[PDB]
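Just so it is clear, none of the values below were taken in a lab; they were calculated from the coordinates. Note that we place each Cβ from the backbone using ideal geometry, even for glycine, and neighbour counts take in every protein chain shown.
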Amino acid sequence: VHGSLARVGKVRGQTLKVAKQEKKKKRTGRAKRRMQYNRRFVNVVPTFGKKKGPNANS
Amino acid sequence: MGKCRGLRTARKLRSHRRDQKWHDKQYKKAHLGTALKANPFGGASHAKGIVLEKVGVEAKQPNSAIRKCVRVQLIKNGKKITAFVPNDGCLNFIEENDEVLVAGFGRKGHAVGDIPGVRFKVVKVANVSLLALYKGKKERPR
Amino acid sequence: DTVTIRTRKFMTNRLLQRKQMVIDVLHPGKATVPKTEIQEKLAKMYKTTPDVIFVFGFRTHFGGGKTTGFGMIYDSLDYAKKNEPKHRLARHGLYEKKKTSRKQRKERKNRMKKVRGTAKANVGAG
Amino acid sequence: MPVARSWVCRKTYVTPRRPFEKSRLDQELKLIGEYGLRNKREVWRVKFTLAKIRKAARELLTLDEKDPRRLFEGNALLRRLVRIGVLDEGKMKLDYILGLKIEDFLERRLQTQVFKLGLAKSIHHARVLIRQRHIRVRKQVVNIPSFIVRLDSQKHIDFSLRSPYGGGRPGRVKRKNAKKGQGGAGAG
RNA sequence: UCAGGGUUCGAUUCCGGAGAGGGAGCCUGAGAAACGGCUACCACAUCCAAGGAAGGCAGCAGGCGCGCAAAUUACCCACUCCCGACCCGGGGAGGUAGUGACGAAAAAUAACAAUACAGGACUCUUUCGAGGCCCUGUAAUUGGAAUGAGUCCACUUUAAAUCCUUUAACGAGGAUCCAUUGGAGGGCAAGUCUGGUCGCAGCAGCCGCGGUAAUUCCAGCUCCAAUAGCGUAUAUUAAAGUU
């Protein structure tokens, strides 16, 4: 351990800091509901019955 | 089991219900007013007070931590309170002998989670919000 | 030009020495029509001078092209100067509004109440 | 103080009781996508007007046949459903009001009619033609996509007369491009 | 707020009552035990040449104190109505504008073509391959057309003005004319990604996460929900057949 126990703010002060990697604008209003409809219903690829969620990483 | 049913029984029915309502724990404290005299806020949602002392309280097992808290004296009654300070490192903003706004912890006078005997939390310091200090939107004026 | 005028729910009014009606104006592709152009066209309808004609309250519908207002024609200018409200005579030079503020009138009254007999020194220049 | 104002107003929708019901979420999104709507509140408006219609018909069906109130308010509710084209003239009794669905009302919007009448190429293009002053109902320029078209108003939807389609002046893009194009020869 | 039966609230624009710092007494008048009338005691408090004199915002604006907690010392009798000896004078009653995310209704923030790759019908063919017609994206990036948000002249508006509606002139390629507030173990929609910390710092309504390979802390990316709005404290109705 470095310095004392019961020291406030430790982990937010240790953590290495990284800048935002985004650039492009997102859609708003009607145009975002249009995009969500086309992605969820219109053209779709089938799977085995253990069906897969929208954010599957591995 | 035996409830009376006769067509002239309305005085027995009305007055027995009135007598039996006083056995409900929520009804009684709302209508006697002893809880309204005892509550360190006089029926308000929030209160202002002045910071006496900064303290660390040991959490209840099966877990292990030191929970950062403050002891506070309220402006309108002069009575004493202890209150929790949310988020990582926020105790560094608070200083001593200055005004905080305090609020309830979310369970209508009962304690919350592993912290023993703490019923309140800090929400504003020297007229700036802890959220605006923590997200870097504002700073303490000096 | 395309600017056209019509008149609706007309009445003669012998108790106030006038005739009175609702006025509809068609004007597609233009801004609202000036009241000076409206009153010379009404003069050409009723075969009077435009000097005894008063028109007011014109409002234009959403998408444009049409507007509606109210108007009156008097029997002679001395009946008009008796029966019209003073602000409509002032719209074209027949009356002049007094130029004191309401607070000047209030505070001169409250200074006069502190004196008795021939008070004029608190009135002409006070 | 007393004042000449008035304070009458009301809400036109209700929120659902289960926030995250999977069976409800995708059904509402399918109605948004098929009719070209902006948000969930725009669907919850149409469910509320249908619920109030069915709540009234279920009351009148309790009263005796040929009761004076069942005769008067029942004939009024049935005329008013036929006037907007939601109900068939050949049906015309309270028993068939209980068979109506939300998609009967979403079809009577001006945005749906501008697309189905062939003035536009999609349900998303139709809203943009309405909201940009290009479209007319009888004599009147109209600017509101949720306007509900009456059955005699049905055959009088058209372009505006002061519009670059419909016979008016060209827009500010075509005028600038022509101006600076002639200026390409010099002195413009 | 509510299946049916109920529970809770009502200082607050309409109607009735009471009171003008606290108690008491009384003049005038058709009508008052009146306070923008008077007399005295009790509590405050202003001026003075110390003899004396004067006072009542729980009217409209404005200030101090209190507290979690509430707007301008603006314009006018044009409208609605009232008072007087009156067709004419008066009205902080009342009307108008300012402040105003208490709260309610409507409604933008991208539409459409061409091109390359992609899905699936259908036809010729044993299969391979080709023709193919209707819908998705998204990149090196293509193309022309539409429009109000803003700026600003005129009419209209009104007591005089502002605002709204009407109408000339400027006004869009996206790297801006850049949407936010809370979440991603379960209840409960959505990551058995990648870096830091090591029962510490912290999270957690509730059950629970952290002791060197964290689905829960601190951050990057991706995704979820509602949307000009979303989170938290506290009173209260339903759920409660837990009165």
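When the expected Rg is taken as 2.2 N^0.38 Å, what fraction or multiple of it is the alpha-carbon Rg of segment D:144-188?
That works out to 1.96 for segment D:144-188.
For segment D:50-188, what does the relative contact order come out to in percent, with C-alpha contacts under 8 Å and a separation of six or more?
Relative CO of segment D:50-188 lands at 16 percent.
What length, rounded to one decimal in nm, is gained on full extension from C:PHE10 through to C:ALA31, with 0.36 nm per residue of separation minus their alpha-carbon distance?
So the extension gain works out to 4.9 nm.
Principal axes first, then extents: for the Cα atoms of chain C, list largest minus smallest coordinate on each axis, whole Å, largest first.
Over chain C, Cα extents along the principal axes are 67, 36, 22 Å.
Given a Förster radius of 25 Å and the C-beta distance between B:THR34 and B:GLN73 as r, what FRET efficiency does 1/(1 + (r/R0)^6) yield to the nearest 0.05?
0.60
Label-point separation (nm) for C:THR2 and B:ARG18, each offset 7 Å from Cα along Cα-to-Cβ?
8.0
Please report the spacing between the Cα centers of segment B:49-74 and segment C:3-46 in Å, no decimals.
Using only Cα atoms to place each centre, the spacing works out to 82 Å.
Give, as ranges by residue number, the residues of segment D:9-53 whose backbone N falls under 12 Å from the point 7 Å along Cα→Cβ of D:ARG83.
Under 12 Å, as judged by backbone N against the label point of D:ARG83, lies no residue of segment D:9-53.
When a footprinting reagent is the concern and you count Cβ atoms within 10 Å, what order do D:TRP44, D:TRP7 take, fewest first?
Taking fewest neighbouring Cβ atoms as first place, the list is D:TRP7, D:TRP44.
Using θ = phi - 60° and the Karplus form 6.51 cos²θ - 1.76 cosθ + 1.60, what ³J(HN,Hα) does each residue of segment C:20-28 get, whole Hz, x for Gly and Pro?
Along segment C:20-28, the couplings run 9, 7, 8, 10, 10, 10, 9, 8, x Hz.
Report ³J(HN,Hα) in whole Hz for each residue of segment B:100-112, in order, from the Karplus equation J = 6.51 cos²θ - 1.76 cosθ + 1.60 where θ = phi - 60°; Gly and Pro get x.
For segment B:100-112, the Karplus-derived couplings read 10, 9, 10, 9, x, 8, x, 10, 6, x, 8, 6, 10 Hz, x marking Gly and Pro.
Can you give the calculated 222 nm mean residue ellipticity of the protein assembly as shown, where each DSSP H run of n ≥ 4 adds -39,500 (n - 2.57) and the sum is split over every residue, rounded to the nearest 500 deg cm²/dmol?
Values: 17 runs with 159 residues, N = 514.
So the calculated ellipticity at 222 nm is -9000 deg cm²/dmol.
In terms of Cα to Cα distance under 28 Å, which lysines are near enough to C:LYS47, apart from those fewer than 8 places away along the same chain?
C:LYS9, C:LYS19, C:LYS30, C:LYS35, C:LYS66, C:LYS81, C:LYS82, C:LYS86
Quick one: if you stick a label point 7 Å off each Cα along the C-beta vector at D:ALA178 and A:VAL45, how many nm between them?
Those two pseudo-labels are separated by 5.0 nm.
Hey, with R₀ at 51 Å, roughly what FRET efficiency would B:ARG8 and C:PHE62 work out to, going by the Cβ-Cβ distance, to 0.05?
Working from the Cβ atoms, E equals 0.15.
Based on the alpha-carbon set only, what is the convex hull volume of the protein assembly as shown divided per residue, in Å³?
Residue-normalised Cα hull volume stands at 590 Å³.
How large is ³J(HN,Hα) for each residue in segment B:49-56, as worked out from phi by the Karplus curve 6.51 cos²θ - 1.76 cosθ + 1.60 (θ = phi - 60°), to whole Hz, x for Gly and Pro?
x, 10, 5, 7, 8, 9, 9, x
Write out the trypsin sites (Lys or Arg not before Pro) in segment D:1-63 meeting two conditions: DSSP loop, and at most 10 other Cβ atoms within 10 Å of their Cβ. Before the final figure, lay out each step's value.
Details: sites: D:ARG5, D:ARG10, D:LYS11, D:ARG17, D:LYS22, D:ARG24, D:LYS30, D:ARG38, D:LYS40, D:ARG41, D:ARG45, D:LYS47, D:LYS52, D:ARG54, D:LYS55, D:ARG58; in loops: D:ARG5, D:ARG10, D:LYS11, D:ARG17, D:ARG38, D:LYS40.
Sparse-neighbourhood loop trypsin sites (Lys or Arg not before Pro): D:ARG5, D:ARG10, D:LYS11, D:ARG17.
Could you check the spin-label model distance between D:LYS155 and C:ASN122? Points 7 Å from the Cα along Cα→Cβ, value in nm.
Inter-label distance under the simple model: 8.2 nm.
Under a straight-distance cross-link criterion of Cα-Cα below 29 Å, which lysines are reachable from B:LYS54, leaving out those fewer than 8 residues away in the same chain?
Of all the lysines, those that pass the test against B:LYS54 - Cα under 29 Å, at least 8 places apart if same chain - are A:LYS10, B:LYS37, B:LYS68, B:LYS76, B:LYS79, B:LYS80, B:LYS108, B:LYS121, B:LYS124, B:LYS135, B:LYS137, B:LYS138.
Suppose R0 equals 35 Å; then what is the FRET efficiency for D:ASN143 and A:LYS20 from their Cβ-Cβ distance, rounded to the nearest 0.05?
0.30
In whole percent, what relative contact order does segment B:2-142 give with Cα contacts below 8 Å and a gap of six or more residues?
Worked out over segment B:2-142, it gives 18 percent.
If you average the sequence gap of Cα pairs under 8 Å that are 6 or more apart and divide by the length of segment C:1-80, what percent do you get for the contact order? Mind dumping the intermediate values first?
On the way: 133 pairs, mean separation 25.6, N = 80.
Value for segment C:1-80: 32 percent.
For D:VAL137, which sequence-distant residues (separation of 5 or more, or a different chain) have an amide H within less than 5 Å of its own amide H, given hydrogens modelled in the peptide plane?
Residues meeting the criterion, in which the H sits 1.01 Å from N, are D:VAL142.
Using the count of nearby Cβ atoms within 10 Å as a rough guide to exposure, how do A:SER58, D:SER6 rank from fewest to most?
Exposure proxy ranking, most exposed first: A:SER58, D:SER6.
With point charges of +1 on the Cβ of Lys and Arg and -1 on the Cβ of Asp and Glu, referenced to the Cα centre of segment D:30-81, which listed residue (D:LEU63, D:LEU77, D:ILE32) lies farthest in the positive direction of the dipole?
Towards the positive end, the residue furthest out is D:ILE32.
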